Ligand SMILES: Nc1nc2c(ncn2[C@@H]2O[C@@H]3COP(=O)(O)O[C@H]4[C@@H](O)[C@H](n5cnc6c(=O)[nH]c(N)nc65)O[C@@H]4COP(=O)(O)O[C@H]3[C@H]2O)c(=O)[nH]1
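Only one chain is included here, represented as structure tokens and corresponding to the form deposited without the named molecule.
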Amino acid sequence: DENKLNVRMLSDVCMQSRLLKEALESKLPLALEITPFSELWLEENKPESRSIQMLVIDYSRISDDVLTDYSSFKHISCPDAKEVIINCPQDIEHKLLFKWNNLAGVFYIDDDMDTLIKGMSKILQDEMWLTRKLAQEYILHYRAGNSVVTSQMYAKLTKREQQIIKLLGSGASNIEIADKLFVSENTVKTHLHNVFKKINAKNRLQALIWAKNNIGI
């Protein structure tokens, strides 16, 4: 419906998902549709994906091999959509959440629907639904200067690989990189082909975007 918020839940489709989907559409003003993480890449260049204004992320079905596909789907189609995490574990390392650039709310694994409906209603009112701890972590981290949290796949790359990837996440060219490290253009190109694993980039664009989101010096 044109009136309602375009929401997209990133999850499995199944008895429960659909059951929550309907529950969310009963109480809040939204048109929700469910898309599994595994299929994100198929929605990247769809027109109707450009209309997504909220993404609801089932933290329980998230995994490292989807992260890359997500970051690009998010940039290519709905960079400006709000993101809301649900089913988040209690003992989560909040910095791990900075990776969601429009995080607007977080719901924990053992919150109930009373909380979820309350929370989501606030977020639909352009509030944010965070705990005091999390709000503090953001503030301490941001206030202290830091913008991005360098991720874990990164630290696992070789020295070449690391240097080559940082510069990529600076939108440098093949040539421009080969010229700051003093190496064959064809060389950086070969390192990159490796680096796409495990960072899991289907291509240079994914990696580039992966980069700008997952590595800050």
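Position 1 is the first residue in the sequence shown; the rest follow in order.
The same protein also has a form solved in complex with the named molecule, omitted here; what follows describes it.
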property	result
Placed ligand check: the named molecule in the deposited bound form, overlay by site C-alphas, backbone/C-beta within 2.4 Å	open
Candidate stretches 95-103, 136-144, 77-85, 114-122, one within 4.5 Å of the named molecule in the deposited bound form by heavy atom	114-122
4.5 Å heavy atom contact, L130 and the named molecule in the deposited bound form	yes
